[PDB]
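Asker:
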Amino acid sequence: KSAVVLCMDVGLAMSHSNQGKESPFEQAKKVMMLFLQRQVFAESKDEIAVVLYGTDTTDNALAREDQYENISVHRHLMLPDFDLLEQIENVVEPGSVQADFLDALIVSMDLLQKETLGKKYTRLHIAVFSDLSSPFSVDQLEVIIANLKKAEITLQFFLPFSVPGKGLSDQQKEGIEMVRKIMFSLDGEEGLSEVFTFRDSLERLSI
Amino acid sequence: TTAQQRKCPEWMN
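So the protein lines, in turn, are chains S and P. For the first sequence, my numbering gives the first residue as 1, with consecutive numbering after it. For the second sequence, my numbering gives the first residue as 208, with consecutive numbering after it.
1. Tell me which residues of the segment 81-107 of chain S have at least one Cβ-Cβ distance to chain P shorter than 9 Å, keeping chain order.
2. Please tell me whether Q37/S and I48/S are closer than 8 Å, where the distance is taken between their beta carbons.
3. Is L12/S closer than 8 Å to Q98/S when the C-beta atoms are compared?
4. For a test of the three-state rule: what should DSSP assign to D83/S, helix, strand or coil?
5. Taking the Cβ atom as the reference point for each residue, do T208/P and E174/S lie within a distance shorter than 8 Å?
6. To test your reading of the DSSP string, which unbroken alpha helix (DSSP H) runs of 4 or more residues are found completely within the segment 105-151 of chain S?
7. Go through its chain and collect everything with a Cβ distance to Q172/S's Cβ below 8 Å, but skip five positions before and after it.
8. Report the residue from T58/S, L111/S and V163/S whose alpha carbon sits nearest the alpha carbon of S193/S.
9. Out of curiosity, what's the CA-to-CA distance linking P216/P and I71/S?
10. Let me know the secondary structure DSSP gives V40/S once reduced to three states.
11. Would you say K181/S touches the ligand GTP, meaning its beta carbon is less than 7 Å from a heavy atom?
12. Between which two residues does the alpha helix (DSSP H) carrying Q172/S extend?
13. So is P164/S in contact with chain P if we call contact Cβ pairs under 8 Å?
14. Could you check the C-alpha separation between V5/S and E177/S for me, to the nearest Å?
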């Protein structure tokens, strides 16, 4: 069995609808449901957690006085079930704020570190879904990468555009370059291959 | 993008 964290941006910008009938928030919610349905129906043994960033409330183990704010652990590492399907579809809504995606990545790594203790997994995996419009701080990023390597975590980034231009903001361009630096540190030239579109996300998650 | 300080949890030391 493998262990997977789905780390999803629900900040206010994800709710902006200018690429078809579904906003990026709606599209990512849809991919997450299809993936979780596949896992339930095949009776897979993999365990799946869900971390949301950009939420109006704060609920995570690291939140303390202006730190790791507006990040919520919606589902801990467990087998997926039908209650989770109901929650995702009805409860989970867009936030009215924005949050820091490296904060969210650390919350996800801390979750895997604690909740895989003493068990054997074939792989540990974090999948991030975002449009990269929110600002972030790079403080301690070298520590994040060192622990991704030691723990042998496989990382995948999914974006609602491929990388005529798309009108990406400077903040989005900075986020994309930071994703490239992270993936090259882990896997080299081949590492940049592990950056994908929402369109291709369901199939890449599954292999 | 900024450099606002953050504290990583102790296990990542």
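Yeah, the Cβ is synthetic: ideal placement off N, Cα and C, and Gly gets one too.
Answerer: According to the structure shown:
1. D100, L102, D103 and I106
2. Within the first sequence, numbered from 1, the residue matching residue 37/S stands at position 37. Within the first sequence, numbered from 1, the residue matching residue 48/S stands at position 48. Their beta carbons are not under 8 Å apart, which means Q37/S does not touch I48/S by this criterion.
3. Sequence index remark: in the first sequence, residue 98/S carries index 98 (1-based). Sequence index remark: in the first sequence, residue 12/S carries index 12 (1-based). Contact check for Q98/S against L12/S passes: the beta carbons are separated by less than 8 Å.
4. Here the question's residue 83/S lines up with position 83 in the first sequence. Reduced to three states, the DSSP call for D83/S is helix.
5. As a position in the second sequence, residue 208/P is number 1, starting the count at 1. As a position in the first sequence, residue 174/S is number 174, starting the count at 1. Yes, they are a contact pair.
6. 141-150
7. Numbered from 1 along the first sequence, position 172 holds the residue referred to as residue 172/S. Cβ neighbours of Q172/S beyond the five flanking positions: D131, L132 and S133.
8. By one-based count along the first sequence, residue 193/S stands at place 193. Closest option to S193/S, Cα to Cα, is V163/S.
9. What you label residue 216/P is simply residue 9 of the second sequence in a count that begins at 1. What you label residue 71/S is simply residue 71 of the first sequence in a count that begins at 1. Each residue's Cα considered, the two are about 16 Å apart.
10. By 1-based counting over the first sequence, the position of residue 40/S is 40. In this structure, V40/S counts as helix in the three-state DSSP scheme.
11. Judged by which ligands are present, the structure shown has none, so any question about the ligand GTP falls away.
12. Within the first sequence, numbered from 1, the residue matching residue 172/S stands at position 172. Looking at the DSSP string, the run of the alpha helix (DSSP H) that includes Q172/S is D170 to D187.
13. To locate residue 164/S, count along the first sequence from 1; it is residue 164. Chain P contact via Cβ: absent.
14. If you number the first sequence from 1, residue 5/S lands on position 5. If you number the first sequence from 1, residue 177/S lands on position 177. Using only the alpha carbons, I get a separation of about 23 Å.
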